[PDB]
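**Student:** This is the structure I have questions about; it appears just below.
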Amino acid sequence: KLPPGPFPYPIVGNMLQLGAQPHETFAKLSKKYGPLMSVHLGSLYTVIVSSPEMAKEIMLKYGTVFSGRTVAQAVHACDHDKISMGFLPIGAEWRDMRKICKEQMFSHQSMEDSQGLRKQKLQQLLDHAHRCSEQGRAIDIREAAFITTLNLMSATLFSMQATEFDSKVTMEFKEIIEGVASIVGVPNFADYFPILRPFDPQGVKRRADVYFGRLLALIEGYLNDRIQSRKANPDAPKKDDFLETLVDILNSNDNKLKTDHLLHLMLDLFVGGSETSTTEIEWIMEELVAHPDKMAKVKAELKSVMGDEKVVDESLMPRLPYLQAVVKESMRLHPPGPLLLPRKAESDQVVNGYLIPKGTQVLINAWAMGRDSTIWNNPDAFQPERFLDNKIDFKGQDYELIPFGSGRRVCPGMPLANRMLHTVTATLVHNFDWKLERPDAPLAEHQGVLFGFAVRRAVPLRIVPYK
Ligand code: HEM
């Protein structure tokens, strides 16, 4: 009674038929089997959903049913799978971490207060960007967008006041994320073949506990050191960051959260906003460089609003209606997560007549719906003009665009993502002219796909500022 899919082979099921870079294969197989597919990844049953109306059935109509999360083995490291807001069933401790996220830390009231903590972090990059232009060196966009992202998240969370782009604090964080991504970003057969779960054959759960213990040790030091600063100054001026808010929650003791609940929350906030922004800023700074007709419309717009100001204030978003679309088009073409984050059917539920069993990992292919010929016309072409004078937005209600998810577990970092994805892009676009470090380059590198935590270019984007 389940959705249609290819013949499950013994044991392996449909885990050899995927080929390399599965996101496209889960898309092409949908043209024969349908929007609701059934792929037997080993023992892990999985339903692929690749159409807006079906994503509406999954995330909204039956959303409270499909509101779980498939948990990976690396997530059990340091008991993260039982503390994190990302991978907990919708419950008492999760509702608190949402109402805390959306209403206090990610509402506009806190975004506008954290506006000044992040401009300094763009200036450090813009000054470093000018460093590579004088001697005429090339800038690794991924490297530059990662360190800037950590400096951006660390300022929003901790209010670190370093004077160096590659500060000592930031590079301790950079290794651990890249170490975690190198762990989760590769397949762990314990997830698909449960008899291997006790053994942990590839040693994934262990190696994750090492880096998780480090990333949580550095977060602890930033908590206990603030408590003493909170004790020394009783009328301490409210820091306009996320950590100060979190300290002000367990001192009032209104909600029902522990201390480890907050530590692991800052981890998810830190990790969740780093490698996503890092990849999803490499794309626009490639799309605009690969299609110079469109960068020209962005620059001429930016010069119309900036004036002589050389850093983009996140409050000038409404006056950049084209950069809003340029990101929107990058959301459609190259979504950061090709299959988003796995959902789980917490109850036997029927969708479109087919039965979806309990514990069915529902992957919402956002890559296909970005290149589905039935939705966007000429989908394989970059064109931010299709979003001009269009209310289609990635807020979750336009299932034609689901890069940030929708339903009950929508991305809580959306207001912080777009203010980042726009400013750190509009600061490199408005200030310099870019050209590929290698114009005689294989197009396999351009729009290349790397399956892992997020899909990114096959080769890190390396361009030069020559103005
Ligand atoms: C920059 C682009 C980003 C993308 C494309 C992205 C993507 C996603 C997706 C697809 C989901 C799951 C949605 C669903 O299952 O329906 C999610 C959830 C989540 N994201 Fe992001 N994210 C981004 C940035 C961020 C940022 C900046 C933060 C934190 C500051 C963050 C933290 C989280 C957390 C904690 C969750 C768990 C939500 C829950 O389980 O209720 N992400 N994200």
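By convention here, the chains of the structure tokens are called A, B, ... in the order presented, each chain's residues are numbered starting at 1, and ligands are numbered starting at 1 in the order presented.
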Got a sec to tell me which of region 151-244 of chain A DSSP assigns to helix (DSSP H, G or I), as a VMD selection string?
**Tutor:** chain A and resid 151 to 157 168 to 184 189 to 192 194 to 196 204 to 232 242 to 244
**Student:** Can you pull out the residues contacting region 264-272 of chain A? Cut-off 7 Å, using only C-alpha atoms, and skip same-chain residues under 4 positions away; I want them as a list in words.
**Tutor:**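 Non-adjacent residues within range: residues 80, 83, 84, 85, 153, 177, 260 and 276 of chain A.
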**Student:** Which residues of chain A have any atom within 6 Å of an atom in ligand 1 when counting only C-alpha atoms and all ligand atoms, and what is the closest pair of atoms for each, with the distance in Å to one decimal? Order the rows by chain and rising number and write it as CSV.
**Tutor:**
```
residue,atom,partner,partner_atom_place_in_ligand_line,distance
A:85,CA,ligand 1,40 (O),5.4
A:86,CA,ligand 1,40 (O),3.4
A:268,CA,ligand 1,35 (C),5.1
A:269,CA,ligand 1,29 (C),3.8
A:272,CA,ligand 1,31 (C),4.2
A:273,CA,ligand 1,27 (C),3.5
A:276,CA,ligand 1,1 (C),4.7
A:277,CA,ligand 1,1 (C),4.3
A:336,CA,ligand 1,5 (C),5.0
A:340,CA,ligand 1,10 (C),4.0
A:341,CA,ligand 1,12 (C),4.7
A:403,CA,ligand 1,5 (C),5.2
A:404,CA,ligand 1,10 (C),4.5
A:405,CA,ligand 1,16 (O),3.4
A:406,CA,ligand 1,16 (O),4.4
A:407,CA,ligand 1,16 (O),5.8
A:409,CA,ligand 1,41 (O),3.6
A:410,CA,ligand 1,13 (C),4.5
A:411,CA,ligand 1,18 (C),4.0
A:412,CA,ligand 1,33 (C),5.5
A:413,CA,ligand 1,28 (C),3.8
A:416,CA,ligand 1,27 (C),5.4
A:417,CA,ligand 1,1 (C),4.5
```
**Student:** Could you work out how far CA of residue 186 (chain A) lies from CA of residue 382 (chain A), giving the answer in Å with one decimal?
**Tutor:**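 Computing it gives 29.2 Å between the two atoms.
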**Student:** Would you pick out the contacts of residue 345 (chain A) at 6 Å or less, using only C-alpha atoms, so that residues sharing its chain but fewer than 4 positions from it are not included, and give the list as a list in words?
**Tutor:**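 Answer for this query is residues 65, 66, 358, 359 and 360 of chain A.
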**Student:** Go ahead and write the residues just picked, C-alpha atoms, as a PDB file, in the first residue's frame.
**Tutor:**
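So out30.pdb came out as:
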```pdb
ATOM      1  CA  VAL A  65       2.219  13.665  12.487  1.00  0.00           C
ATOM      2  CA  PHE A  66       5.333  14.042  10.315  1.00  0.00           C
ATOM      3  CA  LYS A 358       5.338   4.770  11.486  1.00  0.00           C
ATOM      4  CA  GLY A 359       8.992   5.748  11.640  1.00  0.00           C
ATOM      5  CA  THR A 360       9.246   6.472   7.909  1.00  0.00           C
TER       6      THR A 360
END
```
**Student:** Write out as a list in words all residues of region 67-255 of chain A that backbone DSSP assigns to strand (DSSP E or B).
**Tutor:** residues 68, 69, 139 and 140 of chain A
**Student:** Those selected residues, please, written with N, CA and C atoms and delivered as a PDB file, in the first residue's frame.
**Tutor:**
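Final output, selection_19.pdb:
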```pdb
ATOM      1  N   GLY A  68       8.484  14.499  13.503  1.00  0.00           N
ATOM      2  CA  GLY A  68       9.657  13.923  14.116  1.00  0.00           C
ATOM      3  C   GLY A  68      10.907  14.197  13.303  1.00  0.00           C
ATOM      4  N   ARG A  69      11.981  13.502  13.670  1.00  0.00           N
ATOM      5  CA  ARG A  69      13.257  13.666  12.989  1.00  0.00           C
ATOM      6  C   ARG A  69      14.011  12.348  13.004  1.00  0.00           C
ATOM      7  N   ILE A 139      40.974  35.255  -3.395  1.00  0.00           N
ATOM      8  CA  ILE A 139      40.241  34.989  -2.164  1.00  0.00           C
ATOM      9  C   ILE A 139      39.446  33.702  -2.338  1.00  0.00           C
ATOM     10  N   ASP A 140      39.627  32.770  -1.406  1.00  0.00           N
ATOM     11  CA  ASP A 140      38.844  31.539  -1.385  1.00  0.00           C
ATOM     12  C   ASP A 140      37.505  31.878  -0.744  1.00  0.00           C
TER      13      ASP A 140
END
```
**Student:** Taking 3 positions as the minimum chain separation for residues in the same chain, which residues sit within 12 Å of residue 189 (chain A) when counting only C-alpha atoms? Answer as a list in words.
**Tutor:** residues 12, 15, 41, 42, 43, 44, 72, 73, 74, 184, 186, 192, 193, 194, 195, 196, 197, 198, 199, 200, 201, 202, 203, 204 and 205 of chain A
**Student:** Atoms to include: N, CA, C and O atoms. Write the selected residues as a CSV table (one decimal), in the first residue's frame.
**Tutor:**
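Wrote it out as out-v3.csv, contents follow:
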```csv
chain,number,residue,atom,x,y,z
A,12,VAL,N,20.4,-4.8,0.6
A,12,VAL,CA,20.8,-3.5,0.2
A,12,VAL,C,19.6,-2.6,-0.2
A,12,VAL,O,19.6,-1.4,-0.1
A,15,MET,N,19.8,1.0,-2.4
A,15,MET,CA,21.0,1.7,-1.9
A,15,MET,C,22.1,1.7,-2.9
A,15,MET,O,23.1,2.4,-2.7
A,41,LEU,N,16.6,2.4,1.6
A,41,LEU,CA,18.0,2.6,2.0
A,41,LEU,C,18.4,1.6,3.0
A,41,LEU,O,18.3,1.8,4.2
A,42,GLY,N,18.9,0.4,2.6
A,42,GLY,CA,19.2,-0.7,3.5
A,42,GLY,C,18.0,-1.1,4.2
A,42,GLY,O,17.0,-1.5,3.6
A,43,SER,N,18.1,-1.1,5.6
A,43,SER,CA,16.9,-1.4,6.4
A,43,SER,C,16.1,-0.1,6.7
A,43,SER,O,14.9,-0.2,7.1
A,44,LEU,N,16.7,1.1,6.5
A,44,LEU,CA,16.0,2.3,6.8
A,44,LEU,C,15.0,2.7,5.7
A,44,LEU,O,15.4,3.1,4.6
A,72,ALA,N,20.7,10.7,13.3
A,72,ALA,CA,21.9,10.0,12.8
A,72,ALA,C,22.7,9.5,14.0
A,72,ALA,O,22.5,9.8,15.2
A,73,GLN,N,23.7,8.6,13.7
A,73,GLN,CA,24.5,8.0,14.7
A,73,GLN,C,25.5,9.0,15.3
A,73,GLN,O,25.8,9.0,16.5
A,74,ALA,N,26.0,9.9,14.5
A,74,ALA,CA,26.9,11.0,15.0
A,74,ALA,C,26.2,11.9,15.9
A,74,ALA,O,26.8,12.6,16.7
A,184,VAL,N,29.7,13.7,9.9
A,184,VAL,CA,28.3,13.5,9.5
A,184,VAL,C,28.2,13.5,7.9
A,184,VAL,O,27.4,12.8,7.4
A,186,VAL,N,29.7,12.0,5.6
A,186,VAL,CA,29.9,10.8,4.9
A,186,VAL,C,29.0,9.7,5.4
A,186,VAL,O,28.6,9.7,6.6
A,192,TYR,N,21.8,2.8,8.4
A,192,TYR,CA,21.0,2.0,7.5
A,192,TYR,C,20.9,0.6,7.9
A,192,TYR,O,20.0,-0.1,7.5
A,193,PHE,N,22.0,0.0,8.5
A,193,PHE,CA,22.1,-1.4,8.9
A,193,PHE,C,22.2,-1.5,10.4
A,193,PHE,O,23.3,-1.5,11.0
A,194,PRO,N,21.0,-1.7,11.1
A,194,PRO,CA,21.0,-1.5,12.5
A,194,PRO,C,21.9,-2.5,13.3
A,194,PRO,O,22.3,-2.2,14.4
A,195,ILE,N,22.1,-3.7,12.8
A,195,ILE,CA,23.0,-4.7,13.5
A,195,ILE,C,24.4,-4.2,13.7
A,195,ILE,O,25.0,-4.6,14.7
A,196,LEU,N,24.8,-3.2,12.9
A,196,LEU,CA,26.1,-2.6,13.0
A,196,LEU,C,26.1,-1.5,14.0
A,196,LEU,O,27.2,-0.9,14.3
A,197,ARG,N,24.9,-1.1,14.6
A,197,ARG,CA,24.9,0.1,15.4
A,197,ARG,C,25.7,-0.1,16.7
A,197,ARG,O,26.4,0.8,17.1
A,198,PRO,N,25.6,-1.2,17.5
A,198,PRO,CA,26.4,-1.4,18.7
A,198,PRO,C,27.9,-1.2,18.4
A,198,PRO,O,28.6,-0.6,19.2
A,199,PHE,N,28.4,-1.8,17.3
A,199,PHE,CA,29.8,-1.9,17.1
A,199,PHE,C,30.3,-0.5,16.7
A,199,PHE,O,31.5,-0.1,17.1
A,200,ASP,N,29.6,0.3,15.9
A,200,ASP,CA,30.0,1.5,15.3
A,200,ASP,C,31.3,1.2,14.5
A,200,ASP,O,32.4,1.6,14.8
A,201,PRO,N,31.1,0.6,13.3
A,201,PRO,CA,32.3,0.0,12.6
A,201,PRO,C,33.2,1.1,12.0
A,201,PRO,O,34.4,0.9,12.2
A,202,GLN,N,32.7,2.1,11.4
A,202,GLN,CA,33.5,3.2,10.9
A,202,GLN,C,33.9,4.2,12.0
A,202,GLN,O,34.6,5.2,11.7
A,203,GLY,N,33.6,3.9,13.3
A,203,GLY,CA,34.0,4.7,14.4
A,203,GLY,C,33.5,6.2,14.2
A,203,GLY,O,34.3,7.1,14.4
A,204,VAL,N,32.2,6.3,14.0
A,204,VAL,CA,31.7,7.7,13.8
A,204,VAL,C,31.1,8.3,15.0
A,204,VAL,O,31.4,9.4,15.3
A,205,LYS,N,30.4,7.5,15.8
A,205,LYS,CA,29.9,8.0,17.1
A,205,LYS,C,31.0,8.5,18.0
A,205,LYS,O,30.9,9.5,18.7
```
**Student:** Give me the residues within 7 Å of residue 2 (chain A) as a PyMOL selection string, counting only C-alpha atoms and dropping any in the same chain fewer than 2 places off.
**Tutor:** chain A and resi 4+354-356
**Student:** With N, CA and C atoms retained, write the just-selected residues as a PDB file, in the first residue's frame.
**Tutor:**
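Result written to out14.pdb:
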```pdb
ATOM      1  N   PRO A   4       4.956   4.154  -4.608  1.00  0.00           N
ATOM      2  CA  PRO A   4       5.714   3.322  -5.549  1.00  0.00           C
ATOM      3  C   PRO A   4       7.201   3.634  -5.533  1.00  0.00           C
ATOM      4  N   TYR A 354      -1.719   6.262  -0.358  1.00  0.00           N
ATOM      5  CA  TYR A 354      -0.665   5.347   0.055  1.00  0.00           C
ATOM      6  C   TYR A 354      -0.419   5.458   1.554  1.00  0.00           C
ATOM      7  N   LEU A 355      -0.197   4.311   2.190  1.00  0.00           N
ATOM      8  CA  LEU A 355       0.094   4.270   3.615  1.00  0.00           C
ATOM      9  C   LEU A 355       1.563   4.596   3.859  1.00  0.00           C
ATOM     10  N   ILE A 356       1.817   5.536   4.763  1.00  0.00           N
ATOM     11  CA  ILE A 356       3.167   5.867   5.201  1.00  0.00           C
ATOM     12  C   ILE A 356       3.346   5.279   6.600  1.00  0.00           C
TER      13      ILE A 356
END
```
**Student:** Between A:208, A:170, A:23, A:364, which is the closest to residue 121 (chain A) once you count only C-alpha atoms?
**Tutor:**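 Using only C-alpha atoms, residue 121 (chain A) sits closest to A:170.
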**Student:** If you count only C-alpha atoms, which residues fall within 9 Å of residue 67 (chain A), apart from same-chain ones fewer than 3 positions away, as a ChimeraX atom specification?
**Tutor:** /A:58-59,62-64,89-90,343-346,407-409
**Student:** Leaving out residue 333 (chain A) and any residue of its chain fewer than 6 positions from it, which residues lie within 10 Å of it when counting only C-alpha atoms, given as a list in words?
**Tutor:** residues 283, 287, 327, 366, 367, 368, 369, 370, 371, 379, 380, 381, 382, 383, 403 and 447 of chain A
**Student:** For CA of residue 246 (chain A) and CA of residue 258 (chain A), determine how far apart the two atoms are, in Å to one decimal place.
**Tutor:**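 For CA of residue 246 (chain A) relative to CA of residue 258 (chain A), the distance reads 11.0 Å.
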**Student:** In terms of the shortest atom-to-atom distance over only C-alpha atoms, which of A:116, A:35, A:213, A:415 is closest to residue 312 (chain A)?
**Tutor:**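 Among the listed residues, A:116 lies closest to residue 312 (chain A).
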**Student:** Go through A:54, A:138, A:450, A:317 and flag the residue nearest residue 463 (chain A), using only C-alpha atoms for the distances.
**Tutor:**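 Of all the options, A:138 lies closest to residue 463 (chain A).
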**Student:** Between CA of residue 136 (chain A) and CA of residue 461 (chain A), what is the distance in Å, rounded to a tenth?
**Tutor:**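 These atoms are spaced 16.3 Å apart.
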**Student:** Between A:401, A:218, A:57, A:322, single out the one closest to residue 305 (chain A), counting only C-alpha atoms.
**Tutor:** A:322
**Student:** Using only C-alpha atoms for the distances, tell me which of A:329, A:459, A:297, A:290 is nearest to residue 439 (chain A).
**Tutor:**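 Looking at the shortest contact to residue 439 (chain A), the residue is A:290.
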